[PDB]
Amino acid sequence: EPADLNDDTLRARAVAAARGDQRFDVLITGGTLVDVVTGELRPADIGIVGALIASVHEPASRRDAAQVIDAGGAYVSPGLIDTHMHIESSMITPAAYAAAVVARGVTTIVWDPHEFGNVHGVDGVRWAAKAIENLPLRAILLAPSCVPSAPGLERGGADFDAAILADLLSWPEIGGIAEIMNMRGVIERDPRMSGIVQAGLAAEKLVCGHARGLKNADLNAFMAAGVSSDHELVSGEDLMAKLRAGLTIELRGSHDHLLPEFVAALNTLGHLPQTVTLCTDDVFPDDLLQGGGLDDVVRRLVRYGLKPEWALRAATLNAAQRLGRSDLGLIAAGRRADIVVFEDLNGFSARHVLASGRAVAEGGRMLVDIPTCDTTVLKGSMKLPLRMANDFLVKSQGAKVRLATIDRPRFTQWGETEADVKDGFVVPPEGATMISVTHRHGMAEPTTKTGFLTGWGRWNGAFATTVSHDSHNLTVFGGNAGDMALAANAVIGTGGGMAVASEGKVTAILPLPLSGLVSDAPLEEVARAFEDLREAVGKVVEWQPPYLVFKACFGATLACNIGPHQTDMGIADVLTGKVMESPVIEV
């Protein structure tokens, strides 16, 4: 690709059909074309020969095709393109991800496999490549750039230097470097991050960014280095600033409450900037099943008042432009027939989906087989023995200690509190929730490291997860050691996943036997298990939106973020490079 489009026999045939001398393979008839260049909705029929669109012409003027697809009463769009996403967050395999989003009209994704990368390293990125190769969904890979996210502060399953990055950039499956979240290293010209960027520039592929909270001087410096896109948009003003700065915007639907501000900001401008694309970022399996993938970013934007023509152009032509793929994103003679027929421009229900000229879905149902990929290398990734309640408690000598605390959910700061000591162990003080992290990849000693969170409500029980961005070590939150050991051991035994315990019983398990990140069960089952897990965790603790929510359970160990975080090494501070081994300050 796109040399498959350029075959002489296929071109002669596409041209002869366009001419009216040969029939199409496929005619899409009676539809209204979403013309993503002019923004018009206009009747046209579509003539397709093999993987090419051969003609865009007057309704009902041709009737000669091997196959006719009825778009009467409906709308014809280029298939949708997601510019930034992670299959792993949906908790299923790439084949199951494909069956879900292709039936919804998604024909191209840009997949940063950094979760698999942190677990299995380069073999992770290889599995991802293998797994996409014969899907009806095109998947362009990005090379994970920050593994682990904070070198020297945490240990995942892998470590990627400038050389590993250059080697991944050499792969034809890899379309650039995946979101660079070590912003300081780029801006301050740290050797490792700078070597990675330089590799990205030397390969002449995309260098994708994570620019959360970057403003003014810092952003100019992030872009001067070569970082050229961002999805970490925190507000309508942030969007405008980032547009003005000249970044390609990867507009995500994963923070839904921000979509109305994005819409108001763009409507105030009066035109959709050609640098705006859409992406899903990280979609949970229940939201994937019920809402959708990239199609739901289109649907939600429109729901919030963005013209369906702007939503679609962002999801098609602008994204193809970003990707340098002038075969994609546009229903035009000479382009690839990745096409979706939508019942209307509010529900975006896909009546038909073609990928490279072949009908692959109808009415929400796959019409073709999706090849699976052997998952063996992903199994057996929990490499630690079962935990003891005492794994969760902190040893100390005296009878009263000063304790460092990790203060506030999400916007973390150093705290301090007091605690009694009994039986050689510290006594979980009032207002504190334990966070315990254990290296589970076998690259380090499996020693449970426990910290004391503050501002996380009162936990009556525990939650264990093997999804824990980005090191994905075994991570347990709890109100008492006993329930933390039940939850931990349940996910160890299933080979990874999530579990809730309360009052000496395990109340919910979601098995994620692949890498501790995903499951091979069908989406419907993973979705339902996830809702039940959310139900069960809800009985353990009262959420206080926003910030003190369930999702915060997967981000507490993300060591590259500002402020203290508990990791599998201790409490980490990226600003100093200091890992605190024990939380006991004194006594």
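Residue indices: 1-based, along the sequence shown.
- As the entry records it, the average C-alpha temperature factor is higher for 424 to 432, out of 224 to 232 and 424 to 432.
- For the pair 387 to 395 and 286 to 294, the mean Cα B-factor is higher in 387 to 395.
- In this structure the maximum Cα B-factor among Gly152, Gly175, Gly105, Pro94 is found at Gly152.
- Taking the deposited Cα B-factors for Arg325, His439, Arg458, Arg351, the highest one is held by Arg458.
- Residue-level temperature factors show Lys578 in the highest third of its chain, judged at the C-alpha atom.
- When all modelled residues of the chain are sorted by CA temperature factor, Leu10 is found within the middle third.
- In the PDB entry, a CA B factor belonging to the middle third of its chain's modelled residues is recorded for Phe160.
- When all modelled residues of the chain are sorted by CA temperature factor, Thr32 is found within the middle third.
- Ranked within its chain, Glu250 lands in the lowest third, by CA B factor from the PDB record.
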